[PDB]
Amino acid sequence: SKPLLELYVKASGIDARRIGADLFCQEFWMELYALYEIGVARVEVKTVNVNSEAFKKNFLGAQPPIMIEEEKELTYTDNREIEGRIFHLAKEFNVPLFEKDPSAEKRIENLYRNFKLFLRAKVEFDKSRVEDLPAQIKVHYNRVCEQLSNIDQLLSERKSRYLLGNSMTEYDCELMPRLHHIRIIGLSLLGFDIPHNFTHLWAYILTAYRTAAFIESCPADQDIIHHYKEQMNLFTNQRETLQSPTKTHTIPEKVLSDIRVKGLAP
C-alpha cells in the first residue's frame, strides 16, 4: 500500500555491475533512502550502462537518473519530475526532507563551480605540488579553499548536525556527495585534502559517513576517479582498472581529536 519507486543509476565505466559517480543519481538515491528507511516508499535501485542499445531504445536518449513508478505507468526522466514526485511523497507523509534555503543553494553551487575550475586548471597544468603552483593556477585552489571555509563558517553559525538543522534535507543530498567527490579527487588527482582546520566542515563529512542514505548510495573511490578522468579524456591504465573497489570513509586523527574537543559529534 506504499509506492514502489525504481531508480536507474549510471553504471561505472570500469565495471558495469558497480554503481557510478553521477551526483544527481546520488542525490535522488539519498532522498529515496530517507523515505525507504521509514517505510514511506518501496525502493529498488538498478545500475545501467548508458551506452547500451536497450537503454537508448527504452528511454529515447534520456540519461540517468531515471525513476519508474510502474503501478502508475509513470516514468520520470527529468530531474524536475523525479524531485517533484519525491517532494510530493515527502509532503504526503509529513517527512521534512525538503526546504528552501538560498544560502545553502549558493554555497553548494559556488563550491563545486570553483572545484571544477581548479580540477581543469591543475590537470591541464600537470599534463605538481599545490604549494609550488604558479599564481595563475594557485588562485583556483585558494578559491576552492575559500568556499570550503564559507561552508565551515555556515555550519559553525548554525551549530547543526546537517546543513539546515538536525535532520537531513535535499541540500545534504547535494553537498555531501560533492564534498566526498572533492576529497577523493583532491587526494588522488589534485594533491590536496580539505583543510584540517575546518572542524565544522569535517564534522559534517563525518556525519555523512555515518548517514545510511549516503553510505548506501556512495560509489567506490575508483569509480569516482574514473568518472572525472573519462569525461576529461585522461588515460586510465589497466592496473588502475583492476583495483579492487574501496570506499575511503576516514577522517584524519587530528581532526577527530578536534571534533571531540569542540563537541561536534555524538
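Don't overthink the numbering: it's just position in the shown sequence, from 1.
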**Q.** Chain break class at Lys127/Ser128 - deposited residues not modelled
**A.** 4 to 9
Q.
Averaging CA B factors per stretch from the PDB record, which one is higher: 114 to 122 or 91 to 99?
A. 91 to 99
Q) On average, are the C-alpha B-factors higher in 102 to 110 or in 134 to 142? A) 134 to 142
Q: Pick out which of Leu60, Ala220, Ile205, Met232 has the highest C-alpha B-factor in the PDB entry.
A: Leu60
Q: Among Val43, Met30, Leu201, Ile224, single out the one with the highest C-alpha B factor in the record, please.
A: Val43
Q) In terms of the chain's CA B-factor thirds, is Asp193 lowest, middle or highest? A) middle
Q.
Quick check on the deposited entry: does the C-alpha B-factor of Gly13 sit in the lowest, middle or highest third of its chain?
A. highest
Q | Third of chain Cα B-factors occupied by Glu71 | A | highest
Q: Select lowest, middle or highest to describe the third in which the CA B-factor of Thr211 falls within its chain in this entry.
A: middle
Q: Within this chain's modelled residues, let me know which third the CA B factor of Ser149 belongs to: lowest, middle or highest.
A: middle
